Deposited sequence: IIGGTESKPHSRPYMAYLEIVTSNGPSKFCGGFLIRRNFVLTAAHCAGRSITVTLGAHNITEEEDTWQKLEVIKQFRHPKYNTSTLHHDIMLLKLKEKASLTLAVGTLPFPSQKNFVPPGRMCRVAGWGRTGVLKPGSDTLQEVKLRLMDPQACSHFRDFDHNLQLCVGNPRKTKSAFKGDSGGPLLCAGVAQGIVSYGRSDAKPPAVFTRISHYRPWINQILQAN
């Protein structure tokens, strides 16, 4: 998160920190959020060979009793996920156990307006990931403001962030929820490599039928 501020610890108890393993290189990370005691929603571009989820964290380098470290047993990536057009960037992760509900861990059930995104991602173009969960408020834009992304499609995606400001999600914030009036409306998907807003978020409402079908059959 660029241009944001540190979240009050444990004030977003649905936030998941994801550590992604691949076979050919070192670990990477993304965000995501708990929608069921055993299901985390995140972006499909965070897929990997295996993933570990930390719930209940603030400072991700300081282990505490609120932590719940859970294994992911199966990744369900959207079947039409497309790395050419960048569409359908969405994935559910089935947890090996159901998470405990505590004060620090809980689920989040289901243009012009201000919304909030949160993450442990880089705080600057050339900066490391943040140790602590950060958040920022961002303006929802008319779809015209994302025209320069050639494969942007207003039906599938949200255009997020006022170009006149420097506030943005960045690397490591992938998969984090965009909340508008306490409801998850988007997931961080992609933007410019220089972070100039706006950025493109997955529009959660278009994928509700697909979410429901995975959650009902597992």
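Missing from the model, by position in the deposited sequence, is the single stretch 111-118.
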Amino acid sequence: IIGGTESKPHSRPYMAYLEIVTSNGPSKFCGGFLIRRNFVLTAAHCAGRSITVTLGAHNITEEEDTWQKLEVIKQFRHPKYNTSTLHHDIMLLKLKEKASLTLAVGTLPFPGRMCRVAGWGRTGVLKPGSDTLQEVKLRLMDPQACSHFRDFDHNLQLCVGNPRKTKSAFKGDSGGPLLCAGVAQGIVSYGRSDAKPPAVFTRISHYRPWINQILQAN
From here on, numbers count along this sequence of modelled residues.
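According to the PDB record, 208-216 carries the higher mean C-alpha B-factor of the two stretches 2-10 and 208-216. Stretches 30-38 and 173-181 differ in mean CA B factor, with 173-181 having the higher one. Residue-level inspection of the entry shows that, of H88, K137, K94, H148, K137 has the top Cα B-factor.
By the numbers in the PDB entry, the CA B factor is greatest at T166 among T66, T166, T52, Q157. Per the deposited record, the Cα B-factor of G121 falls in the middle third when ranked against the other modelled residues of its chain. Among the modelled residues of its chain, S84 has a C-alpha B-factor that falls in the highest third, as given in the PDB entry. When the modelled residues of the chain are ordered by their C-alpha B factor, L108 lands in the highest third. When all modelled residues of the chain are sorted by CA temperature factor, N162 is found within the middle third. Among all modelled residues in this chain, the alpha-carbon of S189 has a temperature factor (C-alpha) in the lowest third.
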